[PDB]
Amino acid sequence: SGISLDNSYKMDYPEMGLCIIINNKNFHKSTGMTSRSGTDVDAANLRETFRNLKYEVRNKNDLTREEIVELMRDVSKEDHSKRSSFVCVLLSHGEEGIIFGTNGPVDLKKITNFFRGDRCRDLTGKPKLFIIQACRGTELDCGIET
């Protein structure tokens, strides 16, 4: 055939892939973390938005740190051979490098490690997107005019 280029990911597999949305709104009292009012709005916007991109969306609410890790692990071991990509949206309290289960924090690196090129071979070479609505610290941006 004619000349070919391959500067863009193949996104015409039979499925776009999973969109996992972890929406943490209510935290165990002993953590001292406040309820994240308005996050259900986010979860619904994301669900609809990625539905229209033809992602298989799964919304999960109020997961402990243990449930987050098991869910990432389980999801990483599914058959992704027919899926173009993988998306994970995390909505929660956080700090630099960290997001919070309802009962305490999870290292971001621990979540993403399940999908490493060598540990999730069905996703090797395929885009793995992590979208993170959470603190990365406590600095505030005062902005500048114009």
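Sequential numbering from 1, following the sequence displayed.
Comparing 76-84 with 43-51, the higher mean C-alpha B-factor in the PDB entry belongs to 76-84. Comparing the deposited coordinates for 16-24 and 118-126, the stretch with the larger average C-alpha B-factor is 118-126. When the modelled residues of the chain are ordered by C-alpha B-factor, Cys135 sits in the highest third.
Sort the modelled residues of the chain by CA B factor and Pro105 lands in the highest third.
Among all modelled residues in this chain, the alpha-carbon of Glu96 has a temperature factor (C-alpha) in the highest third. Compared with the other modelled residues of the chain, the Cα B-factor recorded for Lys29 ranks in the highest third.
Annotation for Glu56: CA B-factor lies in the lowest third of the chain's modelled residues.
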